[PDB]
Amino acid sequence: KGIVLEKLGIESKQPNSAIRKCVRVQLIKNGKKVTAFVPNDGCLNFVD
Amino acid sequence: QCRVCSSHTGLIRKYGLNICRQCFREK
Amino acid sequence: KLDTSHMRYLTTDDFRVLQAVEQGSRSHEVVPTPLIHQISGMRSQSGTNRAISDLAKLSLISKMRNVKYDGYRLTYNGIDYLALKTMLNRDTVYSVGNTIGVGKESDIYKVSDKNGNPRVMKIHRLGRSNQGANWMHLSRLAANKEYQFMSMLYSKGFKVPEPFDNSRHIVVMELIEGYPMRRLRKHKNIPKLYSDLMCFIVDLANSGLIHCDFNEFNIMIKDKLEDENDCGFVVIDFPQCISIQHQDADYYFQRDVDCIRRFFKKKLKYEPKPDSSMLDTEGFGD
RNA sequence: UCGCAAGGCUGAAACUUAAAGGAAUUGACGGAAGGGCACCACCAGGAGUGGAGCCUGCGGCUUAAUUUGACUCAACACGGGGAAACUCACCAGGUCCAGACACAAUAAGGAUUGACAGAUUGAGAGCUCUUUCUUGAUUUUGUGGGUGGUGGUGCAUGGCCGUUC
């Protein structure tokens with residue numbers, strides 16, 4: 001588990017064609033920055 | 001025409017035979 | 001015949017594509033299916049076969065379903081619409097049409113520029129159209145070669161109109177409000193302009209290209225100035241141009257002496273005054 | 001490590017991939033052309049265009065109207081359309097006429113019917129029954145299922161012959 005850094009910038013390693021509502025996150029056990037994902041996608045409203 | 005087409009161009013009222021100018025080489 | 005009204009349904013989806021595929025159909029004639037995306041870097045399935053089925057009816061591309069060598073071809077509008085699109089891309093044509101004029105491989109299409117003064121989109125389609133292996137190869141390059149051979153006396157002090165762009169079949173020639181020698185009625189200085197027909201081929205031998213082809217449609221007393229009628233010469237005499245090395249100048253040189261003798265005499269019953277000139281001077285004074 | 005050197009010997013990971021590789025084969029397209037054999041093409045020239053007035057036929061201007069489209073599939077037939085109002089696919093203005101089937105208001109004191117007499121006219125008409133009187137039970141209407149598919153474009157299904165072979 002880790003904090004969400006921010007909204008994510010899409011760099012094409014193919015193919016799902018949208019800004020995928022993904023989350024730049026950085027963990028707290030380590031602090032090593034990983035791009036993440038949510039399924040059931042959309043609903044970009046309900047956490048900071 | 002004779003009922004095996006939807007023929008709308010080059011229509012015929014002449015002489016009751018219903019065979020087109022484009023249909024002397026088909027019909 | 002002609003279609004024009006199959007173009008304005010598109011988006012950016014074909015604008016990155018064109019001169020990548022136009023330089024890509026030349027590098028690699030008939031293009032198969034999954035390459036329109038990947039010549040232009042367009043993405044695989046974000047508005048793609050929607051846009052290619054949009055292009056499909058428009059006759060600038062066609063679905064040539066051959067056996068695993070498929071065809072997407074940039075029919076005859078793959079040059080024609082897409083050179084209209086190219087002049088939209090090369091900043092000359094902003095919309096299509098105020099156009100009147102008919103030839104075979106030169107249609108006069110009267111347009112207004114980026115400036116606002118008019119010019120003419122002449123279009124090249126020979127064989128009518130017959131556009132095939134060399135016919136497309138001609139109208140691509142005879143738009144390019146005759147972009148190079150309409151300046152042979154403009155630099156040298158004489159009157160040849162100037163070409164502007166050579167997009168795929170299109171040659172843009174100001175526009176010339178001519179008056180050919182079948183339209184005119186009278187003249188104010190007759191005997192100057194008969195001996196200047198010996199003397200124009202004198203001028204043509206300076207540049208090394210003798211032109212002959214003079215019918216009654218040729219020499220336009222044009223409109224440079226409208227009000228005071230400072231006219232000029234447009235000399236539609238070009239395509240009988242012959243390299244003088246070839247063995248036909250025995251009857252090209254003698255045309256310069258005794259073949260123009262009818263038109264200022266008969267058309268303009270008035271038997272003429274002036275002298276003449278040969279081209280024996282122009283053999284040395286190039 | 002070995003060599004004066006150039007290099008020689010031993011040899012990874014970070015990352016990225018749905019592939020890289022082996023031999024083997026079937027037939028489109030040629031920028032291969034043969035012969036045909038075609039005078040709907042070529043040589044010898046005829047008829048003659050190519051310069052013009054018009055029938056006949058369109059793309060263009062102009063429209064309430066200067067209609068229209070595919071088959072031998074295109075530069076063509078004008079679709080027997082050379083044309084009169086009709087033709088003739090469009091136009092300048094009007095109305096004969098929509099509620100049946102159930103029950104609900106009036107239903108035979110006139111709901112709504114007709115062999116007729118007028119007003120009749122909108123740009124020129126038949127139609128109506130308020131102002132003779134057939135009416136004959138029946139049918140008038142704010143309504144919805146939709147019986148009304150005299151909306152079939154059809155989706156193919158069943159032979160049958162234009163078409164494709």
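Residues numbered from 1 in each chain as written, not as in the entry; some residues may be left out. Chains lettered and ligands numbered in written order. Part of a larger assembly, values for the part shown. Heavy atoms only, no water. Residues with missing side-chain atoms left out of burial classes, pairs and counts.

Deposited coordinates in this entry are attributed by the record to cryo-EM, at a stated resolution of 3.8 Å.

### Some details on the overall build of chain A
This is how the line gets drawn: In this description a helix means any DSSP run of H or I spanning at least four residues, a strand means any run of E spanning at least two, and both kinds are numbered starting from the N terminus. Any residue under 20% of the maximum accessible area for its type is buried, any over 50% is exposed, and the rest in between are partly exposed; the area is computed with a 1.4 Å probe on protein chains only. Contact criterion: two residues are considered in contact whenever any of their non-hydrogen atoms come within 4.5 Å of each other. A 1.4 Å probe and the Shrake-Rupley method give the accessible areas. Residues count as covered only by the protein chains that appear here. None of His or the chain ends enter the tally, which takes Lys and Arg as positive and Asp and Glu as negative. Charged groups are reduced to one reference atom each: NZ for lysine, CZ for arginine, CG for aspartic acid, CD for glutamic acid.
Across its full length, chain A carries 0 helices and 3 strands. Its C-alpha atoms put chain A at 30 × 25 × 15 Å along the principal axes. In chain A, which comprises 48 residues, the proportion classed as buried is 6%. Taking the intrachain contacts of chain A between residues at least 6 apart in sequence as the baseline, contacts between residues at least 24 apart amount to 18%. With the model as given, the accessible surface of chain A reaches about 4,500 Å², and the carbon-plus-sulfur share is 53%. The averaged location of the 4 negative side-chain charges in chain A is 7 Å from the averaged location of its 9 positive side-chain charges.

### Here's the deal with the overall build of chain C
What counts, and what does not: The quantity called the radius of gyration is restricted to C-alpha atoms. Its globule counterpart is 2.2 Å times the number of residues to the power 0.38.
Across its full length, chain C carries 8 helices and 7 strands. For chain C, whose C-alpha radius of gyration is 24 Å, the value lies well above the compact-globule estimate of 19 Å for 286 residues. Counting only C-alpha atoms and orienting by the principal axes, one finds that chain C spans roughly 80 × 45 × 30 Å. In the form shown here, chain C has an accessible surface area of approximately 18,500 Å², with 51% of it arising from carbon and sulfur atoms.

### Regarding the protein's contact with RNA strand D
The criterion, for reference: We call a residue near a molecule or strand whenever a single non-hydrogen atom of that residue lies within 4 Å of it. The term polar contact refers here to a pair of N or O atoms within 3.5 Å; inside protein, the definition further demands a hydrogen-donor-capable atom paired with an acceptor-capable atom, and it admits residues adjacent in sequence only when both atoms are side-chain atoms.
Taken together, 16 residues sit near RNA strand D, with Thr9(B), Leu11(B), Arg13(B), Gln22(B) and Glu26(B) positioned nearest. Backbone atoms, meaning sugar and phosphate, make up 61% of the atoms of RNA strand D lying within 4 Å of the protein. In this structure, a base oxygen belonging to RNA strand D sits 3.1 Å away from a side-chain N or O atom of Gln22(B). With respect to RNA strand D, the backbone of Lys1(C) contributes an N or O atom lying 3.3 Å from a base nitrogen.

### Things to note about the UniProt feature "active site" in chain C
Note the following rule: UniProt positions are given in the numbering used here, feature names are shortened, and annotations may be inferred rather than shown by experiment.
UniProt records the feature "active site" at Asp213(C), using the numbering of this structure. Mapped onto the secondary structure, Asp213(C) falls in the loop between β4 (210–211) and β5 (219–221).

### Things to note about the sheet that holds strand β1 (residues 2–7) of chain A
Sheets are built from strands paired through backbone hydrogen bonds, the pairs being either parallel or antiparallel. Residues and elements named next belong to chain A. Short version of the rule: Pairing between strands is defined by DSSP: at least two bridges between the two strands are required. Orientation is described by axes fitted as lines to C-alpha atoms, over the contacting stretch for helices, and by angles from 0 to 180 degrees between their N-to-C directions.
If you walk across this open sheet you meet the 3 strands as β1-β2-β3, and the pairing is antiparallel. The open sheet is flanked by β1 and β3 (33–35), the only strands paired with a single partner. Each adjacent strand pair in this sheet contributes to an overall mean axis angle of 30 degrees, direction not counted. When strand β2 (residues 23–27) meets β3, the two strands line up antiparallel, connected through 3 bridges. Paired with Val 25 across the two strands is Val 34, which belongs to β3.

### A short note on a nonpolar patch on the surface
Residue and element names in this part refer to chain A. The criterion, for reference: Patches here are clusters of residues that have more than 30% relative accessible area and form no salt bridge, with a 9 Å joining cutoff for like charges and a 5 Å cutoff for nonpolar side chains (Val, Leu, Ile, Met, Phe, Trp, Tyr). One side-chain nitrogen of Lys or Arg within 4 Å of one carboxyl oxygen of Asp or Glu is enough to make a salt bridge.
A surface patch of nonpolar side chains, about 280 Å² in accessible area, is lined by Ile 3, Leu 5 and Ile 28. Turning to its location among the elements, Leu 5 is positioned in strand β1. Relative accessible area serves as the criterion here: at 32%, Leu 5 is assigned to the partly exposed category.

### A short note on the arrangement of the chains
Between chain A and chain B there is no contact, and the shortest C-alpha to C-alpha distance separating them is 45 Å. One thing to see here is that chain B and chain C don't touch, and their nearest C-alpha atoms sit 19 Å from each other.

### Focus on the UniProt feature "binding site: ATP" in chain C
All names here are of chain C. UniProt tags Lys 122 as "binding site: ATP". Checked against the element boundaries, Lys 122 lands in strand β2 (residues 118–123). Once residues lying within four places of it in the same chain are set aside, the contact partners of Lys 122 are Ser 106, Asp 107, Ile 108, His 169, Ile 170, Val 171 and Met 173.

### Describing the domain arrangement of chain C
Residues and elements named next belong to chain C. The criterion, for reference: Note that the domain bounds were set by an automatic or database domain assignment. By buried area we mean how much accessible surface two parts lose on assembly, using a 1.4 Å probe and totalling the loss over both.
Each domain of chain C was delimited in the assignment, giving domain 1 (16–90) and domain 2 (107–173). For domain 1 versus domain 2, the separation of C-alpha centres amounts to 24 Å. Tallying the contact residues gives 14 residues for domain 1 and 13 residues for domain 2. Across the interface of domain 1 and domain 2, roughly 1,200 Å² is buried in total on both sides, 55% from carbon and sulfur atoms. In this structure, the connection of domain 1 to domain 2 is made through 3 salt bridges. Close ionic contact of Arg 168 with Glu 22 constitutes a salt bridge, the shortest N to O distance being 2.9 Å. Those elements that place two or more of their residues in the side of domain 1 that touches domain 2 are α1 (18–27) and α4 (77–89).

### What to know about the environment of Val102(C)
All names here are of chain C. Mapping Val 102 onto the fold places it in the loop between α4 and β1 (107–112). Residues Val 102 and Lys 122, spaced 20 residues apart in sequence, show a C-alpha to C-alpha distance of 9.4 Å. Those residues in contact with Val 102 that lie beyond four places of it in its chain are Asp 107 and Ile 108.

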